[PDB]
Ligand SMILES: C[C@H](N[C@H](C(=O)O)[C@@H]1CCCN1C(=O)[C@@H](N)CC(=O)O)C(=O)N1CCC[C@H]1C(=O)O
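Encoded as structure tokens, the following chain is the form deposited without the named molecule, with no partner shown.
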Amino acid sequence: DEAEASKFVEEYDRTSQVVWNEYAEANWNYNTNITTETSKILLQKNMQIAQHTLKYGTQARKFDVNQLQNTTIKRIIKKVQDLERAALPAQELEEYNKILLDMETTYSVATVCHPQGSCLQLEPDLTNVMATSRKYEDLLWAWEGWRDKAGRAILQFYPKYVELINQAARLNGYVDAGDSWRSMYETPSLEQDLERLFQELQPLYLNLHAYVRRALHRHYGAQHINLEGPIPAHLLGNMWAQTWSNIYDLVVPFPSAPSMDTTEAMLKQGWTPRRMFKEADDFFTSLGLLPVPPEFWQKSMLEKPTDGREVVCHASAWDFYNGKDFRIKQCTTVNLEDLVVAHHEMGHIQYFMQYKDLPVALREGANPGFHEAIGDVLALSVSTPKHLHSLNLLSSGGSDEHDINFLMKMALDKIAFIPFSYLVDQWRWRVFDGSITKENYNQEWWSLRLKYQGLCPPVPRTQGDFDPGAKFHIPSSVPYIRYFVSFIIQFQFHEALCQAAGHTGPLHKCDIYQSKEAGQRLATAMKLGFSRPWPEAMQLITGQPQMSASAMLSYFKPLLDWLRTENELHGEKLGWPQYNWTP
């Protein structure tokens, strides 16, 4: 048993390093160069990695894991027993691989055209319309057009995708794909834990929602906003209304305290995508954390190519499983939003670099939420008016009015995201368990959009619509609950790191730049990779083991007080009791 187990793990690790590296190369080549040739080569490398996964997975299942002495070895073998998609018979596997490729390509190439006129891509064109347009009809054209072209096109693939991903999950001992995905957390209480955290953020979200709804009523008119109903989904400055910070101009608490056009500041000062990533790299090293290798700068795709290549523009970070080659792929735009995204992606890279010496099976975050949180933690400090001023992107600080303005800007991103990030996998888990059929995909999506976010579609949906498909993570088959987890725990990390850095005063005023004490907490946790259950890494960072909304609540407490006073004086009804309302 124990000698065979150790040898197996050693053999698994050295062979996986080679196969995964080769696969990552082909995957990268496709993602940064969408052609028939790179598609063919990718689909072929799929079969190579599946061969390897089957070989070692079949072998791993011969071990009685719960009868093994060593913890690290037992944990590796348990994981290898899960073949994931390689559990599918050859015919279903090739079909599944092709479906995944087809969905990603469809989404990444979709355009929205005026007749006899120009065609708009999602990045940057439609994103910019959603962020900057203040015309109801122009916002609707982009919102609907994007769903018409990307969402509807995904529908033909989705039922078969569901069938095949569920089949793979069952062949690996799970009840469905949702079961398989949730198991990434190793937390039996997950669904209830997440529900409790969501409920805790309700007073803050409802108050933000009511305040923003009033400001939209002001701008877009009484005929288009029901002050007791859900908010039309196209008015929040973002394609998915998942973050609302682009309508800051419509909702400024104290318009007498003006803040700098940060984008114009970045453009004027000649900021480029490369500069944005260099500044992120500097923040990590200021903490005593690792710099990205010279290779990163050579091989990364940090901006949309202009040589005619079709690419997957959605930001992502890549581990090539050799401990040397790490890359980011991002169609970076020069603005504050993408500066935050650059930091998020550099957090993934930092995690890769930190756990690079673990066996490849353990080269994952403590849970998927941890991997998402790292970059966002640093970005919280980056976002402070004090720090932005030090980058010469803001002029100031430290009036109460500028303070509530700052908290509002942060809430529009961080608070608004809470119900959306909770909502995506509530929908998918119910698709995977068979409670939502292909007949009810869209209707149940909107039911949840209403229930959790208090949003309504600006135009009634019809048969053939598949709005979930217009969101990257759906055709791309990337689990989403990690983002909800991330947003809760990143505030816990911020609080702990700030304490470790000797910050006193309001949490939202903390900037951990150059804190070696903060860097050390992060490094120790990240080095664990997936080697221990996640509460150990939580414990290392925060001095306790639990997920908790208390840090986020504390961060936003002065804003909650302000919102309650403001909403009360205008007599807002919190929530959307007129829930059937649409515009």
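Start at 1 with the first residue shown and count on from there.
We do not show the form deposited with the named molecule bound, though everything after this point is about it.
- For the residues 466, 480, 284, 211, the 4.5 Å heavy atom test against the named molecule in the deposited bound form is passed only by 480.
- The single contact residue among 348, 149, 409, 75, judged by any heavy atom lying within 4.5 Å of the named molecule in the deposited bound form, is 348.
- In the deposited bound form, the named molecule sits within 4.5 Å of a heavy atom of residue 371.
- Residue contact with the named molecule in the deposited bound form: residue 166 places no heavy atom within 4.5 Å of it.
- For the chain shown alone, residue 316 is a contact residue for the named molecule in the deposited bound form, at least one non-hydrogen atom being within 4.5 angstroms.
- Contact check for residue 428: every heavy atom lies farther than 4.5 Å from the named molecule in the deposited bound form.
- Partner contact region in the deposited bound form: 340-348, out of 499-507, 340-348, 149-157, 399-407, criterion any non-hydrogen atom within 4.5 Å of the named molecule.
- Candidate site formed by 242, 352 and 472: every one of these residues places a non-hydrogen atom within 4.5 angstroms of the named molecule in the deposited bound form.
- Interface residues of 402-423, taken as those with a heavy atom within 4.5 Å of the named molecule in the deposited bound form (partner not displayed), are limited to 417.
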